[PDB]
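A quick write-up on the structure given underneath.
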Protein chains: 2
Amino acid sequence: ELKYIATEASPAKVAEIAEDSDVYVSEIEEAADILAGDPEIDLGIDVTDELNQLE
Amino acid sequence: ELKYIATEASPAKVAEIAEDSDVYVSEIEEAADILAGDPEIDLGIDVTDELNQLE
């Protein structure tokens, strides 16, 4: 049985499946930040001073 | 009967099956330490000093 555990807790496979998860994690989180990319448009198209009179 | 015990308590086989177990044991235990490999990422990506103000 130690052989059968060591077949499938193989450190050759533990390290594979751990590395794969990390790449997908940074792929998804950065794909959330470009999903919030529009602040760069909002801060750009509106620069309106005039309301300092309104202030 | 001593012959039949000595056929299957053969020291040629006792020493084989004892050596095989030890290799699988170190294979599995080290495959547990690479299963805890992520502390190296946690200690790396977060180094945030600023909270010393918050402290």
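Convention: chains lettered A, B, ... in structure tokens order; per-chain residue numbering from 1; ligands numbered from 1 as shown.
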For this session: Using DSSP on the backbone coordinates, identify all residues within chain A classified as alpha helix (DSSP H); present the result as an MDAnalysis selection string.
Result: chainID A and resid 2:8 11:33 39:45 51:54
Can you write out the residues you just picked, keeping C-alpha atoms, as a tab-separated table (two decimals), in the first residue's frame?
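Output saved as out38.tsv:
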chain	number	residue	atom	x	y	z
A	2	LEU	CA	2.83	2.46	0.62
A	3	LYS	CA	3.63	1.81	-3.04
A	4	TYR	CA	0.08	2.68	-4.08
A	5	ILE	CA	0.00	5.91	-2.08
A	6	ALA	CA	3.45	6.86	-3.39
A	7	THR	CA	2.23	6.23	-6.94
A	8	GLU	CA	-0.42	8.94	-6.63
A	11	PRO	CA	6.05	14.56	-5.88
A	12	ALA	CA	6.35	14.66	-9.67
A	13	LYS	CA	2.58	15.27	-9.79
A	14	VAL	CA	2.16	17.35	-6.62
A	15	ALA	CA	4.57	19.95	-7.99
A	16	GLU	CA	2.90	19.94	-11.43
A	17	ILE	CA	-0.64	20.56	-10.23
A	18	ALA	CA	0.57	23.20	-7.77
A	19	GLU	CA	2.43	25.16	-10.46
A	20	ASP	CA	-0.53	24.98	-12.86
A	21	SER	CA	-2.92	26.51	-10.33
A	22	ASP	CA	-0.69	29.53	-9.69
A	23	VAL	CA	-0.47	30.47	-13.37
A	24	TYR	CA	-4.22	30.32	-13.75
A	25	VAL	CA	-4.60	32.41	-10.58
A	26	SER	CA	-2.52	35.27	-11.91
A	27	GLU	CA	-4.18	34.95	-15.29
A	28	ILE	CA	-7.63	35.46	-13.77
A	29	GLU	CA	-6.78	38.22	-11.29
A	30	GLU	CA	-5.08	40.38	-13.91
A	31	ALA	CA	-8.02	39.64	-16.19
A	32	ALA	CA	-10.09	41.25	-13.44
A	33	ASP	CA	-8.03	44.46	-13.47
A	39	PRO	CA	-11.46	54.66	-15.01
A	40	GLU	CA	-8.82	55.80	-17.49
A	41	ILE	CA	-11.61	57.01	-19.79
A	42	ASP	CA	-13.68	58.63	-17.03
A	43	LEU	CA	-10.71	60.57	-15.65
A	44	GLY	CA	-9.90	61.73	-19.18
A	45	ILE	CA	-13.05	62.87	-20.98
A	51	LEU	CA	-18.17	74.30	-11.77
A	52	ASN	CA	-15.63	76.09	-9.60
A	53	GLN	CA	-18.01	78.97	-10.20
A	54	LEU	CA	-20.81	76.64	-9.15
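Residue nearest chain A, chosen from B:1, B:9, B:34, B:47 and counting only C-alpha atoms: B:34.
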Problem set entry | Pairwise distance for CA of residue 50 in chain A and CA of residue 38 in chain A, rounded to one decimal in Å | 24.0 Å
